[PDB]
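Just so we're aligned: the sequence shown equals residues 3 to 231, 237 to 305, 308 to 445 in UniProt numbering.
Every residue gets a Cβ at the ideal spot worked out from N, C-alpha and C, and that includes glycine.
Read through the structure below, which is laid out as structure tokens, and then see the notes.
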Amino acid sequence: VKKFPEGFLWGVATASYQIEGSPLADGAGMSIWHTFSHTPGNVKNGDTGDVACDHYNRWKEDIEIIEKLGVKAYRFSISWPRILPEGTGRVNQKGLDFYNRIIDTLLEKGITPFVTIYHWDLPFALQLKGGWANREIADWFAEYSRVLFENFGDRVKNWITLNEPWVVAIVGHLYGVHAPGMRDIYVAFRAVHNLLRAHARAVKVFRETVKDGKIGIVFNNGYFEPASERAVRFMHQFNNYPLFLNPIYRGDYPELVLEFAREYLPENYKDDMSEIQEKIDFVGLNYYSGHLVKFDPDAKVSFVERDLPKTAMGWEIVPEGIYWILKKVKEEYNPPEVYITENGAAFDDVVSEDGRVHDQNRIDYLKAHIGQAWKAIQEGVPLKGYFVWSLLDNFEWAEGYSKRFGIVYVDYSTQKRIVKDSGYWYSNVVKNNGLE
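Here it is, written out as structure tokens:
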């Protein structure tokens, strides 16, 4: 068998825009995902978060699903514009009350809430003032974070400032594939820098307001490998946790990031670094794929396709990556606690005639990664928890509804939920506190 440590947090994870729907209910402000997805051409099939999983109405049943599966932790995010419809200033009690009911219900059911403060749905009102490009966002974010800590910090004790700030900066502001949909390298690196400043201000305010809780930050990571016998050292440093953890722990950007990007960063960016070093309580690492990488003169890096099995996203399934990245983070920065805050896969799920969803492919994926996580714990990585992405099939950003990541199938025509075989399988893992 593979038993995990006593008290290991087995979890599932969601994000507000991907599941909630009703983006403008109860006096909520527009988010940048509302405006981006309503812009023709930005999202597959013109899909939006208008309805999604209708979790804004079905939240109680969904938590009853988490309970019934015996899952011990739930990572969810708060929609900033439901809380402060203009981004700053006015606080919306109906928005607070939506999340209050969720927190109380989870607590009554003995499920530990992990709250993501920012999972990509910036208030549109702040994007009009440049969003992550504007240095003043460190102030706006701190004021928002402060509201959350004052309102929920008596019950919620585990907080995440930012979800995947590499994605927010680069996919949102360089690639233009995510909200706000821009393609300017200078803006993208100023967003990187402001994301760190905003993260650090929120942690500062947390220490002053929630003296008994823990706060951290979540990064996306690939497992990168060379096509021959350095483009790999760059990909690690740029795409993975070092872009942010080098500032947080060491007070500067990693070496190859500066070679590539010094021109695009603010001129006096080091002036901010002392504040960016604000102590964090844990690191969340997300992981789903590995990549073969080569220097290509035509960022000076391209990917090489490998004949390996791939998910419906076309992402190569490389389970040892989750082990590598956990080892590497202890090796590089030795954070006191690590959580895998996101791991999962998209497959072309169908409901069989028997009424079930036979996603053996997703069981194989989860088992292989959970096994590697186990390994890292055996070799002394202080992994305290593991979150499957996702509880529910949901709005997959620019792919819309065409990609299903849930351990629970959602029939969008009816909003029926059908626990997939992977959901039943994972529930058994949780009950036994590991594999066999």
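Item to check | Limits of the unbroken alpha helix (DSSP H) element including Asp141 | outcome: Numbered from 1 along the sequence shown, position 139 holds the residue referred to as residue 141. 139-154 is the extent of the alpha helix (DSSP H) around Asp141.
Next on the checklist: Check this for me: beta carbons of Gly51 and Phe414, under 8 Å apart or not?
Outcome noted: Here residue 51 refers to the residue found at position 49 of the sequence shown. Here residue 414 refers to the residue found at position 405 of the sequence shown. Taking the C-beta atoms as reference points, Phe414 is found no nearer than 8 Å to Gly51.
Checklist entry - Is it right to say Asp363 is buried, meaning 16 or more other beta carbons lie within 10 angstroms of its own, or is it exposed? => result Taking the first residue of the sequence shown as position 1, residue 363 is located at position 354. When all chains shown are included, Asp363 counts as exposed.
Checklist entry - Run through DSSP, which three-state label would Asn44 get? => result Counting from 1 along the sequence shown, the entry for residue 44 is found at position 42. Coil, per DSSP.
Item to check | Pairwise C-alpha distance: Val169 and residue 306 | outcome: Within the chain, residue numbering steps from 305 directly to 308, and residue 306 belongs to the interval with no atoms modelled.
Next on the checklist: Assuming the contact rule is C-beta atoms closer than 8 Å, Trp82 and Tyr19 should be a hit. Round their C-beta distance to whole Å, please.
Outcome noted: The sequence position of residue 82 within the sequence shown is 80, counting from 1. The sequence position of residue 19 within the sequence shown is 17, counting from 1. Not really, about 10 Å apart at Cβ, beyond 8 Å.
Checklist entry - What are the uninterrupted segments assigned as beta strand (DSSP E) that are 3 or more residues long and contained completely in the region 99-138, given in chain order? => result With a minimum length of 3 residues, the unbroken runs of beta strand (DSSP E) contained wholly in the region 99-138 fall at 114-120.
Item to check | Coarse secondary structure for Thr163, derived from DSSP in three states | outcome: Indexing the sequence shown from 1 puts residue 163 at position 161. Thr163: strand per DSSP, three-state reduction.
Checklist entry - Under 8 Å between the Cβ atoms of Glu351 and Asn293? => result As a first step, residue 351 is located in the sequence shown; it is residue number 342 there, counting from the start. As a first step, residue 293 is located in the sequence shown; it is residue number 286 there, counting from the start. Judged by their CB atoms, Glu351 and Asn293 are nearer to each other than the 8 Å cut-off.
Item to check | Member of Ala140, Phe208, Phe245, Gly72 whose CA lies at the smallest distance from the CA of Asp156 | outcome: Here residue 156 refers to the residue found at position 154 when the sequence shown is read from its first residue. When each option's Cα is compared against that of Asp156, the closest is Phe208.
Checklist entry - Within this structure, are the beta carbons of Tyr248 and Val290 separated by less than 8 Å? => result Mapped onto the sequence shown, residue 248 falls at position 241. Mapped onto the sequence shown, residue 290 falls at position 283. Their beta carbons are under 8 Å apart, which means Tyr248 touches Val290 by this criterion.
Checklist entry - In the DSSP assignment, what residue or residues form a beta bridge with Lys5? => result Translated into positions along the sequence shown, residue 5 becomes position 3. In the DSSP output, where bridge partners are listed per residue, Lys5 has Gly443.
Checklist entry - What are the start and end residues of the beta strand (DSSP E) that includes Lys216? => result Here residue 216 is taken as the residue at index 214 of the sequence shown, counted from 1. Its beta strand (DSSP E) spans residues 216-221.
Checklist entry - First and last residue of the beta strand (DSSP E) that includes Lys301? => result On the sequence shown, residue 301 is found 294 positions in, with the first residue counted as 1. Per DSSP, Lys301 is one residue of the beta strand (DSSP E) stretching across 296-302.
Checklist entry - Would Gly97 be called buried (16 or more neighbouring beta carbons within 10 Å of its own) or exposed? => result In the sequence shown, residue 97 corresponds to position 95, counting from 1. Looking at its Cβ environment, which holds 16 or more other Cβ atoms inside 10 Å, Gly97 is buried.
Checklist entry - When DSSP labels each residue in this structure, what does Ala17 get in the three-state scheme? => result Sequence index remark: in the sequence shown, residue 17 carries index 15 (1-based). Correct three-state label for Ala17: coil.
Checklist entry - Is the shortest distance between the beta-carbon of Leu252 and the beta-carbons of chain C less than 8 Å? => result Absent from the structure is chain C; it holds one protein chain and no more.
Item to check | Which residues DSSP lists as bridging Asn293, in chain order | outcome: Indexing the sequence shown from 1 puts residue 293 at position 286. As computed with DSSP, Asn293 is found in a beta bridge with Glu351.
Next on the checklist: Out of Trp61, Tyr418, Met280, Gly72, which one is the CA nearest neighbour of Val359?
Outcome noted: Position 350 of the sequence shown, counted from the start, is the residue given in the question as residue 359. Among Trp61, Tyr418, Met280, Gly72, the Cα nearest to that of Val359 belongs to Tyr418.
Checklist entry - Is the beta carbon of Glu69 less than 8 Å from the beta carbon of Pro125? => result By 1-based counting over the sequence shown, the position of residue 69 is 67. By 1-based counting over the sequence shown, the position of residue 125 is 123. No, the pair does not count as a contact, with Cβ atoms beyond the cut-off.
Checklist entry - Looking at C-alpha atoms only, which residue of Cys55, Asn222, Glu346 is the closest neighbour of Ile21? => result The sequence position of residue 21 within the sequence shown is 19, counting from 1. Nearest C-alpha to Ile21: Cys55.
Item to check | Of the residues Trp383, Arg60, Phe116, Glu285, the one placed nearest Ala202, counting alpha carbons only | outcome: Residue mapping note: residue 202 aligns to position 200 of the sequence shown, counting from 1. Of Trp383, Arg60, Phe116, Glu285, the residue nearest in Cα terms is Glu285.
Next on the checklist: Please tell me whether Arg240 and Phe302 are closer than 8 Å, where the distance is taken between their beta carbons.
Outcome noted: Against the sequence shown, residue 240 aligns to sequence position 233. Against the sequence shown, residue 302 aligns to sequence position 295. Their beta carbons are not under 8 Å apart, which means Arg240 does not touch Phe302 by this criterion.
Checklist entry - If you run the structure through DSSP and keep just helix, strand and coil, what is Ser24? => result Taking the sequence shown and counting its residues from 1, the one referred to as residue 24 is at position 22. In this structure, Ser24 counts as coil in the three-state DSSP scheme.
Checklist entry - Which residue comes first and which comes last in the alpha helix (DSSP H) that contains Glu329? => result The residue given as residue 329 occupies position 320 in the sequence shown. Segment 329-342, the alpha helix (DSSP H) holding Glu329.
Checklist entry - Would you call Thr41 buried or exposed, if buried means 16 or more other Cβ atoms sit within 10 Å of its Cβ? => result Locating residue 41 in the sequence shown gives position 39, where the first residue counts as 1. With fewer than 16 other Cβ atoms within 10 Å, it is exposed.
Checklist entry - What are the start and end residues of the beta strand (DSSP E) that includes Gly380? => result In the sequence shown, residue 380 corresponds to position 371, counting from 1. Counting along the chain, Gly380 sits inside no beta strand (DSSP E); it lies in the alpha helix (DSSP H) bounded by residues 369-387.
Next on the checklist: Am I right that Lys131 and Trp383 are in contact with their C-beta atoms under 8 Å? What's the rounded C-beta distance?
Outcome noted: Locating residue 131 in the sequence shown gives position 129, where the first residue counts as 1. Locating residue 383 in the sequence shown gives position 374, where the first residue counts as 1. Contact between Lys131 and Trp383 is absent: CB atoms are separated by about 46 Å, not below the 8 Å threshold.
Checklist entry - Residue range of the beta strand (DSSP E) that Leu392 falls in? => result For this step, residue 392 is matched to residue 383 along the sequence shown. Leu392: member of the beta strand (DSSP E) spanning 392-398, first to last residue.
Checklist entry - Do you know whose CA, among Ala140, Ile162, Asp357, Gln95, lies nearest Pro115's CA? => result The residue you call residue 115 lines up with position 113 of the sequence shown. Nearest C-alpha to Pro115: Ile162.
Checklist entry - Alpha carbon to alpha carbon, how far is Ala135 from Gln244? => result Here residue 135 refers to the residue found at position 133 of the sequence shown. Here residue 244 refers to the residue found at position 237 of the sequence shown. In a straight line, the C-alpha of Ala135 is about 22 Å away from that of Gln244.
Checklist entry - Secondary structure at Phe312, three-state DSSP: helix, strand or coil? => result Indexing the sequence shown from 1 puts residue 312 at position 303. In this structure, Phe312 counts as strand in the three-state DSSP scheme.
Checklist entry - Does the beta-carbon of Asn441 have 16 or more other beta-carbons within 10 angstroms, so that it is buried, or is it exposed? => result The residue labelled residue 441 in the question sits at position 432 within the sequence shown. It counts as exposed.
Next on the checklist: Assuming the contact rule is C-beta atoms closer than 8 Å, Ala15 and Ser281 should be a hit. Round their C-beta distance to whole Å, please.
Outcome noted: For the purposes of this step, residue 15 is taken as the residue at position 13 of the sequence shown. For the purposes of this step, residue 281 is taken as the residue at position 274 of the sequence shown. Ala15 to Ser281, Cβ: 33 Å. No contact.
Item to check | Close beta carbons around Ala355, own chain, < 7 Å, minus the five adjacent residues each side | outcome: Numbered from 1 along the sequence shown, position 346 holds the residue referred to as residue 355. Within the same chain, Cβ atoms closer than 7 Å to the Cβ of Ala355 are found at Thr320, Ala321, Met322, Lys412, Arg413, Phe414, the five residues on either side in sequence being excluded.
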